[PDB]
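The structure under discussion appears below in the form of C-alpha coordinates.
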Ligand SMILES: [Zn+2]
(Lines give C-alpha, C1' and ligand atoms only; values in the text may rest on other atoms or scores of the structure.)
Protein backbone atom coordinates (compact mmCIF):
# COMPACT_ATOMS: atom_id res chain seq x y z
CA UNK A 1 0.00 0.00 0.00
CA UNK A 2 1.02 3.65 -0.31
CA UNK A 3 0.24 6.98 -1.90
CA UNK A 4 1.74 10.28 -3.02
CA UNK A 5 0.16 13.44 -1.53
CA UNK A 6 1.00 16.51 -3.68
CA UNK A 7 -1.07 19.68 -3.46
CA UNK A 8 -4.76 18.68 -3.37
CA UNK A 9 -3.99 15.34 -5.13
CA UNK A 10 -3.68 11.74 -3.80
CA UNK A 11 -1.82 9.37 -6.26
CA UNK A 12 -2.40 5.64 -5.74
CA UNK A 13 -2.17 2.42 -7.70
CA UNK A 14 -5.45 2.18 -9.69
CA UNK A 15 -5.89 -1.45 -8.44
CA UNK A 16 -5.82 -0.23 -4.78
CA UNK A 17 -8.10 2.84 -5.26
CA UNK A 18 -10.91 3.10 -2.67
CA UNK A 19 -14.58 4.10 -3.09
CA UNK A 20 -13.63 7.56 -1.74
CA UNK A 21 -10.88 7.84 -4.39
CA UNK A 22 -13.40 7.05 -7.16
CA UNK A 23 -16.00 9.42 -5.57
CA UNK A 24 -13.31 12.24 -5.77
CA UNK A 25 -11.72 11.15 -9.07
CA UNK A 26 -9.36 13.49 -10.96
CA UNK A 27 -7.70 11.12 -13.48
CA UNK A 28 -7.16 7.41 -13.94
CA UNK A 29 -5.36 5.15 -16.42
CA UNK A 30 -5.56 1.32 -16.26
CA UNK A 31 -2.59 0.94 -18.67
CA UNK A 32 -0.38 2.90 -16.14
CA UNK A 33 -2.02 1.41 -12.97
CA UNK A 34 -2.53 4.99 -11.67
CA UNK A 35 -5.45 6.86 -10.17
CA UNK A 36 -5.49 10.37 -8.76
CA UNK A 37 -8.19 11.62 -6.39
CA UNK A 38 -8.77 15.09 -4.91
CA UNK A 39 -7.95 15.83 -1.20
CA UNK A 40 -9.34 18.45 1.27
CA UNK A 41 -5.90 18.86 2.97
CA UNK A 42 -2.69 20.10 1.21
CA UNK A 43 -0.06 17.41 0.61
CA UNK A 44 3.65 18.22 0.81
CA UNK A 45 5.27 15.51 -1.36
CA UNK A 46 7.28 17.06 -4.18
CA UNK A 47 7.17 15.27 -7.56
CA UNK A 48 10.56 14.89 -9.29
CA UNK A 49 10.85 16.72 -12.64
CA UNK A 50 13.87 15.05 -14.21
CA UNK A 51 15.19 12.01 -16.16
CA UNK A 52 17.05 10.42 -13.21
CA UNK A 53 17.70 6.67 -13.45
CA UNK A 54 19.01 6.32 -9.90
CA UNK A 55 16.98 6.61 -6.70
CA UNK A 56 15.81 4.82 -3.59
CA UNK A 57 12.50 2.89 -3.17
CA UNK A 58 10.61 1.65 -0.12
CA UNK A 59 10.00 -2.11 0.02
CA UNK A 60 7.29 -2.84 2.66
CA UNK A 61 7.93 -6.66 2.41
CA UNK A 62 11.54 -6.08 3.68
CA UNK A 63 11.00 -2.96 5.85
CA UNK A 64 13.87 -1.47 3.82
CA UNK A 65 14.68 1.40 1.49
CA UNK A 66 16.91 0.16 -1.37
CA UNK A 67 19.09 2.26 -3.72
CA UNK A 68 18.41 1.20 -7.32
CA UNK A 69 19.12 2.00 -10.95
CA UNK A 70 15.91 2.04 -13.01
CA UNK A 71 15.01 2.07 -16.67
CA UNK A 72 13.31 4.71 -18.80
CA UNK A 73 9.47 4.87 -18.53
CA UNK A 74 8.33 2.46 -21.28
CA UNK A 75 5.55 0.11 -22.54
CA UNK A 76 6.54 -3.33 -21.11
CA UNK A 77 4.82 -6.74 -21.08
CA UNK A 78 4.12 -7.61 -17.39
CA UNK A 79 3.45 -11.29 -16.39
CA UNK A 80 0.19 -12.05 -14.52
CA UNK A 81 0.09 -10.95 -10.87
CA UNK A 82 -2.57 -11.49 -8.19
CA UNK A 83 -4.18 -8.12 -9.25
CA UNK A 84 -3.70 -7.98 -13.11
CA UNK A 85 -3.52 -10.50 -15.94
CA UNK A 86 -0.39 -10.73 -18.13
CA UNK A 87 -0.58 -7.50 -20.13
CA UNK A 88 1.25 -4.42 -21.47
CA UNK A 89 1.70 -1.63 -18.87
CA UNK A 90 2.75 1.84 -20.00
CA UNK A 91 5.00 4.52 -18.33
CA UNK A 92 6.69 1.63 -16.41
CA UNK A 93 10.32 1.65 -15.13
CA UNK A 94 12.13 -1.53 -14.02
CA UNK A 95 14.91 -2.14 -11.51
CA UNK A 96 16.57 -5.27 -10.15
CA UNK A 97 15.03 -5.70 -6.74
CA UNK A 98 12.35 -7.25 -4.58
CA UNK A 99 8.62 -6.50 -5.17
CA UNK A 100 5.59 -8.49 -3.98
CA UNK A 101 2.00 -7.32 -4.43
CA UNK A 102 1.76 -5.72 -0.95
CA UNK A 103 4.74 -3.52 -1.92
CA UNK A 104 2.59 -1.61 -4.44
CA UNK A 105 2.47 2.08 -3.49
CA UNK A 106 6.07 2.19 -2.11
CA UNK A 107 7.75 5.46 -3.16
CA UNK A 108 10.73 5.67 -5.52
CA UNK A 109 12.55 8.99 -4.83
CA UNK A 110 15.56 10.75 -6.38
CA UNK A 111 17.29 14.04 -5.45
CA UNK A 112 14.38 15.93 -7.17
CA UNK A 113 11.50 14.28 -5.22
CA UNK A 114 9.05 11.44 -5.87
CA UNK A 115 9.66 9.61 -9.15
CA UNK A 116 6.84 7.08 -8.93
CA UNK A 117 5.33 4.19 -6.99
CA UNK A 118 5.84 0.44 -7.00
CA UNK A 119 3.37 -1.18 -9.42
CA UNK A 120 4.85 -4.55 -10.61
CA UNK A 121 7.08 -7.33 -9.28
CA UNK A 122 8.27 -10.86 -9.95
CA UNK A 123 11.35 -12.63 -11.44
CA UNK A 124 13.66 -10.40 -9.35
CA UNK A 125 12.48 -7.12 -10.88
CA UNK A 126 10.51 -4.26 -9.35
CA UNK A 127 8.43 -2.06 -11.64
CA UNK A 128 7.51 1.57 -10.85
CA UNK A 129 4.70 3.66 -12.30
CA UNK A 130 6.30 6.95 -13.30
CA UNK A 131 4.56 10.22 -12.30
CA UNK A 132 7.26 12.69 -13.52
CA UNK A 133 5.39 13.39 -16.82
CA UNK A 134 2.17 14.37 -14.89
CA UNK A 135 3.11 18.10 -14.74
CA UNK A 136 -0.44 19.11 -13.69
CA UNK A 137 0.10 17.51 -10.25
CA UNK A 138 2.22 20.66 -9.49
CA UNK A 139 -0.75 23.09 -10.07
CA UNK A 140 -4.55 23.88 -9.82
ZN1 LIG B 1 15.62 13.17 -10.29
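Observations on the model:
- The residue that is farthest from the ligand (Cβ to nearest atom), counting only those in the range 107-125 that are more than 12 Å from residue 56 (Cα to Cα) and part of a strand (DSSP E or B), is 122.
- Any hit, the range 42-61, residues being over 24 Å from residue 112 (Cβ atoms) and assigned by CATH to the domain that holds residue 81: yes
- Any hit, the range 127-135, residues being within 16 Å of the ligand (Cβ to nearest atom) and loosely packed, with under 14 Cβ neighbours inside 10 Å: yes
- Restricting the range 40-65 to residues that are crowded, with 17+ Cβ neighbours inside 10 Å and not in a loop (DSSP other than H, G, I, E, B) leaves a set whose member that is nearest to the ligand (Cβ to nearest atom) is 55.
- Number of the condition not met by residue 97 [criteria: (1) more than 14 Å from the ligand (Cβ to nearest atom); (2) within 19 Å of residue 50 (Cβ to Cβ)]: (2)
Numbers and lists here come from the model and the stated rules, or from a named source; nothing here is a laboratory result. All Cβ positions, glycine included, derive from the backbone under ideal geometry; neighbour counts span all protein chains shown.
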